[PDB]
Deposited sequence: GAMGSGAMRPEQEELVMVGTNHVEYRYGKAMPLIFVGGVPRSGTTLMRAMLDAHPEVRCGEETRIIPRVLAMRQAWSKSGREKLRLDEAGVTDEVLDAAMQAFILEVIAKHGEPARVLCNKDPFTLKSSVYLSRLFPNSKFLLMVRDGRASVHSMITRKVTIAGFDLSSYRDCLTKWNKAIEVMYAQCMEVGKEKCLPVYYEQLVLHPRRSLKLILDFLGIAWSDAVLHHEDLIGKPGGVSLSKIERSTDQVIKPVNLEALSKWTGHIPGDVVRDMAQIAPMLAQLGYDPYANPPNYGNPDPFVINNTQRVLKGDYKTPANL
């Protein structure tokens, strides 16, 4: 119903929600979708997960839920207000496009709820080896509530619980509406991965998803925040630099206890005993991207 410079948006439109634990390729994924001529994701809104969390807290409190129900502010009203708020933020914080998309990592803790609010929405759950994600948080000093960066053990424990929840939500939403996307397979085989992802989304193939680095900052392309912690990685083409760099840099006691700390590794198909797991041939495309990146073809932006 609501319009934009002529695109119409509403609760029945086919939204794409991207998420996962931070440092799992979520920015790369949404940037590759942003490259598509029909899709716009844009930057992390930050406020969508905040308001979702507050609204969830309201109903989890017995005392507050009683007061809200007695005020006529029922689940039905809260849900309508969440729909309207989320739609405005998604629609207005970036360029209009036929298919709107949002990437705020921890929103996928609420994919069951979002799939009911937005009955035609679909979900991409980014999955990356928790050892790589946690190594990224600690070495880059990425602040995430609840993740004590002084402890690999604590961060892997918290990674495990977060992805356990999001994976359970993805399974409950079901295979027609939520697709786990493995970062390692995305970087090894981006063409095959995006072919599968766009088929799942019901969106026609476009080569543009393999050209996202051409489209940084351009109209209809990839809008980046200079403050977000993945920006200087996503300005490069898909490459292998970050695939395995955690290995040998995790404390020995955590390596020993890996499968007990992070049982979701094996649940998701990762080898929690290998340092590191042995992946097969990357596509020639990514091998060439990688040597260009490592020899300095992509300069650090002045901004």
{"query": "Stretches with no C-alpha atoms in the model, relative to the deposited sequence starting at 1", "finding": "1-13, 19-23, 322"}
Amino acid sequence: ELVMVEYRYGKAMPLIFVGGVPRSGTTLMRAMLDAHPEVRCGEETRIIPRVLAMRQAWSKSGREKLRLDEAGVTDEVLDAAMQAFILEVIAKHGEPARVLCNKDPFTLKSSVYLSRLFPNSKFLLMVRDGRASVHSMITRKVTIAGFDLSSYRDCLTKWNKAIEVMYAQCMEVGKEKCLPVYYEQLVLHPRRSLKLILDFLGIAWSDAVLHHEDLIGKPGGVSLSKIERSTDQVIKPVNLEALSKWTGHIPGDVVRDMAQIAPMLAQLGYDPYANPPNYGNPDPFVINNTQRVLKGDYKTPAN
From here on, numbers count along this sequence of modelled residues.
| item | value |
| --- | --- |
| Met4 coordinate gap across at least a third of other entries | no |
| Mean C-alpha temperature factor, higher of 143-151 and 194-202 | 143-151 |
| Greater mean Cα temperature factor according to the PDB record, 125-133 or 75-83 | 75-83 |
| Selection by C-alpha B-factor (highest) of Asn275, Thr45, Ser59, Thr27 | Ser59 |
| Deposited CA B-factor, highest of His93, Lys103, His212, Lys218 | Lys218 |
| For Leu268, the third of its chain into which the C-alpha B factor falls | highest |
| For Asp34, the third of its chain into which the C-alpha B factor falls | lowest |
| Within-chain third of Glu172 by Cα B-factor, per the entry | highest |
| Chain thirds of CA B-factor: placement of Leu52 | highest |
| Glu184, C-alpha B-factor rank within chain (lowest, middle or highest third) | lowest |
